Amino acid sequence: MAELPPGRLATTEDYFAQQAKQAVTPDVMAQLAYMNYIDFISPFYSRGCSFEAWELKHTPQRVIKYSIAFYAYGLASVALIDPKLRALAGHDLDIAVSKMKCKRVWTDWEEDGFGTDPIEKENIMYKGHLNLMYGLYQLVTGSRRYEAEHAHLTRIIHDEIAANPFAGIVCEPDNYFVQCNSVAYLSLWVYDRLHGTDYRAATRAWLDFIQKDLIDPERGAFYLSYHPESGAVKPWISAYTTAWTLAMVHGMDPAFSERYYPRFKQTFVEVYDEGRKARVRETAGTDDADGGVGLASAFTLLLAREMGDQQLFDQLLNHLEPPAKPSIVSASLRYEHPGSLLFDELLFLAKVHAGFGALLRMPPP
């Protein structure tokens, strides 16, 4: 739409036209100012192991790795939208990779008793994001700064997939999550684009595996998790799990996500306020929106963008953004009432997202 809805900073048409116009909207620029502007307390102020920005937002330790990654994913799309901001996006992605390696980000791995080395085995929730971030950094910048580490981590991931009886890698020992795997497989596509390798060949077996006990094909929704030791699949379907997984799979096998997307919307998406708004139920057998981790609507905003669904994108942003009370003060964006974890991260990402397939094809600098 071309009318600016109440409480919105920019029209859905304006977000979707950023790449064609080769310019980010003023509110996306103001988000980049929040990310970059103020000495010491802006999240992308320095490469150092300083986390003041996350302390001030009250980001739980366990969520910092996801905040960095989702910022990195948005920055990669900024590089594609405006050539003039590509160097800034490159710089922020360098900081994102540096910070991602700080102990504060991965310390949960050691503290839970799972090991002293966060990449050695398992922990795909951390090293999948890191591996995708190594790739996106190199696609944006053309820099080999992290290539040695990228080559190493890609091979650890490939070897661990090849050694497992199920297709993919666990997070915690004996905890398999389709959304964390989707990140790891996408990281192999990005490595292959940079290097001419075939690590992505493992994707087919993965897409076959997740379509057995891990999906409800009729509802177009993934079960919460799989636990190889017992073979248990948790018997609840998850909207945020499905929205995130379908978004990233759309970059590797578009037809897979196109098949399930309509069913996903029928299963979880509630349209309300005379068609102006939408909100997403987290699981089946409830009328409640945004239960569980409270991210169903925010990840569905990303999925709508990935699938080019302007009507659902507009409805979700009308639900999410106005109540959060955005303001631009000194050309910098802030939300008075962020409604969820990872709020400014996922709204930023959804506003700029060029598609995972378009990031794979990023032309060089």
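Counting begins at 1, following the sequence as shown.
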Out of 249 to 257 and 208 to 216, which one has CA B-factors that are higher on average in the deposited record? 208 to 216
On average, which has the higher Cα B-factor in the deposited entry, 93 to 101 or 170 to 178? 170 to 178
Based on the PDB entry, the highest CA temperature factor among the options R276, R279, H152, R263 is that of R263
Highest CA temperature factor in the entry: which of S77, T197, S187, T241? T197
Taking the C-alpha B-factors as the PDB entry records them, is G292 in the lowest, middle or highest third of its chain? middle
Third assignment of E52 from its chain's C-alpha B-factors: highest
Place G113 in the lowest, middle or highest third of its chain's C-alpha B-factors, as listed in the PDB entry. highest
Among the modelled residues of its chain, does the C-alpha B-factor of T300 lie in the lowest, middle or highest third? lowest
So, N131's CA B-factor, relative to its chain, sits in which third? The lowest
